[PDB]
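Here we start with a single chain on its own, the form deposited in one PDB entry, put down as structure tokens.
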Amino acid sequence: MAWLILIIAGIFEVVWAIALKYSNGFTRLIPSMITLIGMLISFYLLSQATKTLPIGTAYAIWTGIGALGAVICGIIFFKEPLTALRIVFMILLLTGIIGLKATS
């Protein structure tokens, strides 16, 4: 069960990620509010998911969904680039991230 609230900890990671983009340097109320609230949901949801699970596999999947969700919802909502190159260096960055967090 703690796995799923780890998934959701990870979805809310993307939520504040997109809400923060929408806030325009944290100046638009509501996207600003979502950013804050959707953060301590992620962190809280984590600390509970982590209670049960390994800290390593917890964070690895938490930030994985965080980082990929941001990349995906970005190219979608903010019509951010979709270069052959960008999708590649993003893959090396997320695996390095996932990697180092899965070692600790």
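Position 1 is the first residue in the sequence shown; the rest follow in order.
field: Mean temperature factor over C-alpha atoms, higher-scoring stretch between 23 to 31 and 41 to 49
entry: According to the PDB entry, the answer is 41 to 49.
task: Can you let me know which of the two, 66 to 74 or 51 to 59, has the higher average C-alpha B-factor in the entry?
output: Per the PDB entry, the higher value belongs to 51 to 59.
task: Have a look at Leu92, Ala9, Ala17, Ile87 and flag the one whose Cα has the highest B-factor in the entry.
output: Answer, based on the entry's C-alpha B-factors: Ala9.
Not on display, but discussed next: the form deposited in another entry.
message: Splitting the chain into two rigid parts between this form and the one not shown - does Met33 land with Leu4?
response: Yes, the superpositions place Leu4 and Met33 in one part.
field: Direction of Cα pair change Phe77-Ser23 in that other deposited form, magnitude 3 angstroms or more
entry: So the answer is farther.
- request: Since the C-alpha distance between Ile97 and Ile61 changes by 3 Å or more in that other deposited form, give its direction relative to the shown form: closer or farther.
  value: Closer, not farther.
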